[PDB]
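Reviewing the structure listed below.
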Amino acid sequence: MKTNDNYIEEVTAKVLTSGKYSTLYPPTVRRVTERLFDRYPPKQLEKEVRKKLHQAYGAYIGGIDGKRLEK
Amino acid sequence: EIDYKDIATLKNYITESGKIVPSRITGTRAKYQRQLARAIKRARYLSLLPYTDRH
Amino acid sequence: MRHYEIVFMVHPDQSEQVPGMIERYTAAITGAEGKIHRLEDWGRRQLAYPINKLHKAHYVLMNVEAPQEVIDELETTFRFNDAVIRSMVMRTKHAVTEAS
Amino acid sequence: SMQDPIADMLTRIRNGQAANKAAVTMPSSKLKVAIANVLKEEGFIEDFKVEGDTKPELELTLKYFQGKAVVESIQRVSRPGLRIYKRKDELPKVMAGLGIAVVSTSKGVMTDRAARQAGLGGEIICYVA
Amino acid sequence: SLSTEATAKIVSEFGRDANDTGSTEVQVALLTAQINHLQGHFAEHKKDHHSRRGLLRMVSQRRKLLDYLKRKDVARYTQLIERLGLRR
RNA sequence: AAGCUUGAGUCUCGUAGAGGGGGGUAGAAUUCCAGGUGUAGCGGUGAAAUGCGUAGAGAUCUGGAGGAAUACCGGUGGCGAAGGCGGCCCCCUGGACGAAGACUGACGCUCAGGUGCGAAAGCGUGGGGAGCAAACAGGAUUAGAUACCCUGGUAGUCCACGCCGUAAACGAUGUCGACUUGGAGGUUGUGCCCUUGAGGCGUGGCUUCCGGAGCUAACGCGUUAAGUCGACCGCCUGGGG
Ligand SMILES: [Mg+2]
Ligand SMILES: [Mg+2]
Ligand SMILES: [Mg+2]
Ligand SMILES: [Mg+2]
Ligand SMILES: [Mg+2]
Ligand SMILES: [Mg+2]
Ligand SMILES: [Mg+2]
Ligand SMILES: [Mg+2]
Ligand SMILES: [Mg+2]
Ligand SMILES: [Mg+2]
Ligand SMILES: [Mg+2]
Ligand SMILES: [Mg+2]
Ligand SMILES: [Mg+2]
Ligand SMILES: [Mg+2]
Ligand SMILES: [Mg+2]
Ligand SMILES: [Mg+2]
Ligand SMILES: [Mg+2]
Ligand SMILES: [Mg+2]
Ligand SMILES: [Mg+2]
Ligand SMILES: [Mg+2]
């Protein structure tokens, strides 16, 4: 079932690994991809999850600037 | 003179450093301005003789 | 069969090898149906770039119509030699009584 | 490229009226003699002379009356890529009969006025006005 | 090495008339050795590109020469394809 | 089926070019790695700081290793279908053009599908890696600059072997052939004439500018056509979506 199940972390790690989108807990994102498994085309999974990172749920991407807060 | 076959005789004009100087040491005629000062630029395409030895 | 002109230099501190270097190189270009059109020696004059540790340099000028089957190994001979610094090969030049 | 020797003859006549020259130089051919013979009886051209030994050479002489040109506008009907044929009772009248429609009948190259009254039908070359 | 003296014996291989600087079977022999020397340069020096375009204006020339003498003399092609090894 | 030459193929005799590719060589500059000499300053931003320094920095001389690009010469010059390519320079090799004479007698123009070429960026399998430079992070900065400034650097740029075939890939102009008042600047051949005033007077290719007739709404083009004819093909049928 790699078509759908090995194709969740290829999508999920990418967000939780990048230091720009790493402002999240692993379980929080483990959830938001099983939810959005059957939501956007099977060649556009991570691609349109970036819509939920910019059009929706954004500014939390890049984060609140802690390296300006402690500053 | 007036021909263009005089390629093996430019040791009296240019120097080893790479700066072309006019014929003033010997003291000859300098009326040939286009056939010498201007005709030398046509041979800079193939540039068979090195113009700048320091480069 | 074209026209060639090999202009190289020797070692500045080895001036006695000049008459012995051209002698051992004019025999291979003679029996291959080639002759020497011009043969003049300039001398150890002054330069304008002190690049070598020792700035003396004798220039060798000679014209010979060597075939292509011999210039492939003659040019690589000066690379292994330590006295020869550099060289200069032109193209399509005829002979002249003198150049300066 | 050069795939129509008939269109080359009409180019020198059309462009020759604006340059105001005497005669032009062009190589002659079988059809070019029959075409120049029709325009010679007409006021279109004055006289032609073939004076080439190496090769036939056609020399056309234009006519200038007052300050106006004799040739008005020449079109093209029998195109090499598209040929147009008409019937004997369907001959087009150039300039309501005032023009000279050079046709190519079976007996030879003549005008459109002598084609419907004598001879047989033919192929319309162009519209010479 | 394409010298002017090496191509003197190519014209003498095909001769129809006499004292002629040109025959009907010589238009292919003068262009066969030129393309054959450039075809072998594909295997080595693969970085070449300008040399590959130049063959398009020479290899395609032979396709027009086949339909020239086909409607005239068929026996003329029996010499060209077997001696210069053209199209087997 | 049988011929000719006015479009010219090819070849002999010459010249011009960063046309393309494979080796080798030289110099300058940045930086790194070694001596001598010289020590609280150096790099850098209109103000500040981070980095780099008392384990010998910055700067200077000499020498060596590695990598990349060719200043003045260099003009909208030259070359190629386009893209693209500027160091002297060996080998291989192509295109175009000039020019007095032969031979072969339209082997000619163009095109769907297909093949090939196609900057930069990006990718796969292997190397190199001194600088610069997309993400990323140190220091400024402001009730938020991942816009700009400053200090570093992983891909990439370079090289061998492949894939993808994308641009304002513009000359916003498909190619070929023919006709058409002219002048004024460059580059590149062959001749005449007293080259004795290094020029006038002829014959070609390439390129730039101006301009009349003519063509087009207009700007302009205007003997390299976007003018006047002809052959072949492609694209586009309102603006968004
Ligand atoms: Mg390539
Ligand atoms: Mg025939
Ligand atoms: Mg080159
Ligand atoms: Mg030191
Ligand atoms: Mg001190
Ligand atoms: Mg230094
Ligand atoms: Mg290194
Ligand atoms: Mg004769
Ligand atoms: Mg004949
Ligand atoms: Mg074509
Ligand atoms: Mg690239
Ligand atoms: Mg590419
Ligand atoms: Mg790569
Ligand atoms: Mg471009
Ligand atoms: Mg376009
Ligand atoms: Mg060109
Ligand atoms: Mg204009
Ligand atoms: Mg228009
Ligand atoms: Mg619409
Ligand atoms: Mg609509």
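Taken over segment D:55-78, the criterion of being surrounded by 12 or more Cβ atoms within 10 Å (Cβ to Cβ) and over 21 Å from D:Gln17 (Cβ atoms) is satisfied by D:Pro56, D:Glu57, D:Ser78. Meeting the requirement of 2 or more residues that are within 16 Å of RNA strand F (Cβ to nearest atom) and of a type in the set (A, V, I, L, M, F, W, C), the helices (runs of 4 or more DSSP H) wholly within chain A are A:9-17. Evaluated against (1) farther than 27 Å from D:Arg113 by Cα; (2) touching a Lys or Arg at 6+ places or on another chain (Cβ under 9 Å), D:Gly52 falls short on exactly one condition, (2). Among the residues making up segment B:23-55, none is of a type in the set (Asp, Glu) and near RNA strand F (Cβ under 6 Å from one of its atoms).
Within segment C:50-100, how many residues turn out to be under 12 Å from the mean Cα position of the chain (by Cα) and among the hydrophobic types (A, V, I, L, M, F, W, C)? So the answer is 11. Taking segment C:60-74 as the region of interest, how many residues are closer than 25 Å to C:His94 by Cβ and free of Cβ contacts under 8 Å to residues at least 24 places away in the same chain? Residues that pass the stated criteria total 1. Of the helices (runs of 4 or more DSSP H) lying entirely inside chain C, those containing at least 3 residues that are within 14 Å of another protein chain (Cβ to nearest Cβ) span C:68-74. Residues satisfying the criterion are present in segment C:52-59 (criterion: within 12 Å of RNA strand F (Cβ to nearest atom) and free of Cβ contacts under 8 Å to residues at least 24 places away in the same chain).
For E:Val59, the conditions (1) without any contact (Cβ under 8 Å) to a residue 24 or more places away in the chain; (2) more than 6 Å from RNA strand F (Cβ to nearest atom) all hold with the exception of (1).
Taking the criterion of being touching a residue at least 12 places away in the same chain (Cβ under 8 Å) and more than 6 Å from RNA strand F (Cβ to nearest atom), the residues of segment E:28-37 that qualify are E:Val28, E:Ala29, E:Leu31, E:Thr32, E:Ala33, E:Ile35. Within segment D:1-24, being of a type in the set (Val, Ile, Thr), under 13 Å from D:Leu62 (Cβ atoms) and near RNA strand F (Cβ under 7 Å from one of its atoms) holds for one residue alone: D:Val24. Applying a threshold of 7 Å to beta carbon distances and a minimum spacing of six or more residues, or different chains, the list of pairs starting in segment D:1-18 at a residue that is under 19 Å from D:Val38 (Cβ atoms) and ending at one that is in a helix (DSSP H, G or I) reads D:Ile6/D:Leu31; D:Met9/D:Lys32; D:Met9/D:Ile35.
So that you can scan it fast, the table gives a plain yes or no per residue for (1) of a type in the set (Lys, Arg); (2) more than 11 Å from every other protein chain (Cβ to nearest Cβ); (3) in contact with a helix residue (DSSP H, G or I) (Cβ under 8 Å, 6 or more places away or on another chain):
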{"residue": "B:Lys11", "(1), (2), (3)": "yes, no, no"}
{"residue": "B:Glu16", "(1), (2), (3)": "no, no, no"}
{"residue": "B:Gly27", "(1), (2), (3)": "no, yes, no"}
{"residue": "B:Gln33", "(1), (2), (3)": "no, yes, no"}
{"residue": "B:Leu36", "(1), (2), (3)": "no, yes, no"}
{"residue": "B:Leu48", "(1), (2), (3)": "no, no, no"}
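Is it the case that some residue within segment E:5-27 is in contact (Cβ under 8 Å) with a residue 24 or more places away in the chain and aromatic (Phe, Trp, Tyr)? Checked segment E:5-27: at least one residue is in contact (Cβ under 8 Å) with a residue 24 or more places away in the chain and aromatic (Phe, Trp, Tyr). Is it true that D:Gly16 is of a type outside the set (A, V, I, L, M), under 26 Å from D:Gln117 (Cα atoms) and surrounded by 14 or more Cβ atoms within 10 Å (Cβ to Cβ)? No; evaluated as a whole, the condition is false for this residue.
Table: residues versus (1) near RNA strand F (Cβ under 10 Å from one of its atoms); (2) at positive phi; (3) touching a residue at least 24 places away in the same chain (Cβ under 8 Å); (4) aromatic (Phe, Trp, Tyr).
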position: E:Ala43; (1), (2), (3), (4): no, no, no, no
position: E:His50; (1), (2), (3), (4): yes, no, no, no
position: E:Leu55; (1), (2), (3), (4): yes, no, no, no
position: E:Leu69; (1), (2), (3), (4): yes, no, yes, no
position: E:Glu82; (1), (2), (3), (4): no, no, no, no
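When we screen B:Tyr51, B:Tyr4, B:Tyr32 for residues that are touching a strand residue (DSSP E or B) at 6+ places or on another chain (Cβ under 8 Å) and either exposed (fewer than 10 other Cβ atoms within 10 Å of the Cβ) or assigned to a loop (DSSP other than H, G, I, E, B) (or both), the only hit is B:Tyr51. Does D:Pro27 satisfy the condition of being within 11 Å of RNA strand F (Cβ to nearest atom) and either farther than 30 Å from D:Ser1 by Cα or away from chain E (no Cβ under 14 Å) (or both)? So D:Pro27 fits the description; yes.
Give me the pairs: first residue in segment B:33-55 and farther than 16 Å from B:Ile14 by Cβ and in contact (Cβ under 8 Å) with a residue 12 or more places away in the chain, second residue in a loop (DSSP other than H, G, I, E, B) and aromatic (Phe, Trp, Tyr), beta-carbon distance under 9 Å, and six or more apart or on different chains, which are they? So the pair list comes out as B:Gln35/B:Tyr4.
None of the figures in this text is laboratory data; all of them are computed from the coordinates on show. Cβ: placed from backbone, ideal geometry, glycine included. Neighbour counts: every protein chain shown.
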